[PDB]
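Structure first, commentary second.
Any read-out appearing in this document is the output of simple, stated calculations on the displayed coordinates, not a laboratory observation. Neighbour counts run over all protein chains shown; Cβ positions are idealised from the backbone, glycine included.
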């Protein structure tokens, strides 16, 4: 949902208060990506054990 | 070169070690990307 | 563009292409001229 995926692009374009809006969207999604990866590994970790 | 530095090329900001690359980009191509879509290599606009 | 005497009409407007040059936008920001100045896409300080 952010304007661009690169962080340097947001920092080099939007104002400091405006960049926070776009950076939060990237952090929120990337946070879910790690939760999905970890959750998938713990499940497979129960299969291997 | 051969050192980690903060580079700005044609408005492209980033931090990385700058080294000479053997990859040959076509005259029109500018910035390459790797499997992860992150910049693989750049081109110095002044001295090509 | 900015200091031109007579702009075209808003019905049919003149689009000036600016390419291959040095654009200094700090002179416009330092010296107060524009009454309404807003940048939606980028920051006014990051234009340069």
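Each distinct pair of alpha carbons in chain A adds a 1/r term; the inverse of their mean, the Kirkwood radius, is 12.5 Å.
When the Cα atoms of chain B are aligned to their principal axes, the ranges along those axes come out at 28, 27, 22 Å in descending order. The ellipsoid equivalent to the alpha-carbon distribution of chain C has semi-axes of 21, 15, 13 angstrom, derived from the gyration tensor eigenvalues as √(5λ) and listed largest first.
The distance linking chain B with chain C is 31 Å (Cα centroid to Cα centroid, whole angstrom).
When every Cα-Cα distance of the protein assembly as shown is counted in 5 angstrom steps from zero, the calculated P(r) takes the values 1, 6, 10, 13, 13, 13, 13, 11, 8, 5, 3, 2, 1, 1, 0, 0 percent.
Normalised by the number of residues in chain B, the average gap of Cα pairs under 8 Å and 6 or more apart makes the relative contact order 28 percent. Sorted on the mean count of surrounding Cβ atoms within 10 Å across their residues, most packed first, peptides B:33-43, A:14-24 read A:14-24, B:33-43.
Taking other C-beta atoms within 10 Å as the exposure proxy, B:4, C:21, C:39 rank C:21, B:4, C:39 from fewest upward.
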